[PDB]
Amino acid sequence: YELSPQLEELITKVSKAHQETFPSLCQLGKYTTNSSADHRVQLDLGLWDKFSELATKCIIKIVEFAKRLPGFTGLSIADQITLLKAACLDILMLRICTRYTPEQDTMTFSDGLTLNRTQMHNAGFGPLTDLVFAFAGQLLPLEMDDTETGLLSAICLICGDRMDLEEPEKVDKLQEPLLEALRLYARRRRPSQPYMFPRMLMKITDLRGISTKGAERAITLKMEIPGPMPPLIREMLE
């Protein structure tokens, strides 16, 4: 016993918020491009234009997802912004990792655009490509479903340990039921895999590491593009 209708409602609210701001790989009509498909180059300007537009669109969806999380809009507008700026890269990574097709070694974006590893390199990832693909491959054995990805994204976002929070205690209190919800959900879905909940939480460390490497890549990439990065990407990286 000790089940809670409030905790069940939180699981569904978070899963739906994620699913409604992020299509599943199976619901997308994949399409390709022949742009710099067979050889790595410093930067393909055509691919960067399409990729950075897809990144802007996903940052907007991440903000929509956040505003749907119970209690998020109850935090001060400064803390809402602080939390989004701090976790957006972590969430973009979790999201693109669910869009990895190992057989074809491709990533699929929300309009269905499917890029191979060389194309992901040429679109802007550059020296970060292989690490991102390695991260996606190591997330695959966890076999997380949409609810679990949604809950883990909400846990990364609602984090009281981010710098410059006005009400970190309030953020910590809001994160507590998200952790309870993920543990309850994960254990009930796969009771024969009790290590799944701590494996998901331990992934946050490598997710932060790959986000730090993302920020490092934005520095060098800036020197390669002809103009400034899209404004919402700049909001994320400041």
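Don't overthink the numbering: it's just position in the shown sequence, from 1.
- The stretch 206-214 shows the higher mean C-alpha B-factor when 206-214 is compared against 174-182 in the entry.
- Averaged over Cα atoms, the B-factor as recorded in the entry is higher for 222-230 than for the other of 222-230 and 6-14.
- When the C-alpha B factors of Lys30, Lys57, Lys50, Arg187 are read from the deposited coordinates, the top value falls at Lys30.
- Comparing the C-alpha B-factors of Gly160, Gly112, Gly137, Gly150 in the entry, the top value falls on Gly160.
- The PDB entry assigns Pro191 a C-alpha temperature factor belonging to the highest third of its chain's modelled residues.
- Among all modelled residues in this chain, the alpha-carbon of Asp146 has a temperature factor (C-alpha) in the middle third.
- Per the PDB record, residue ranking by Cα B-factor puts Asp90 in the lowest third of the chain.
- The PDB entry assigns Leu69 a C-alpha temperature factor belonging to the middle third of its chain's modelled residues.
- In the PDB entry, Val132 places in the lowest third of its chain by CA B-factor.
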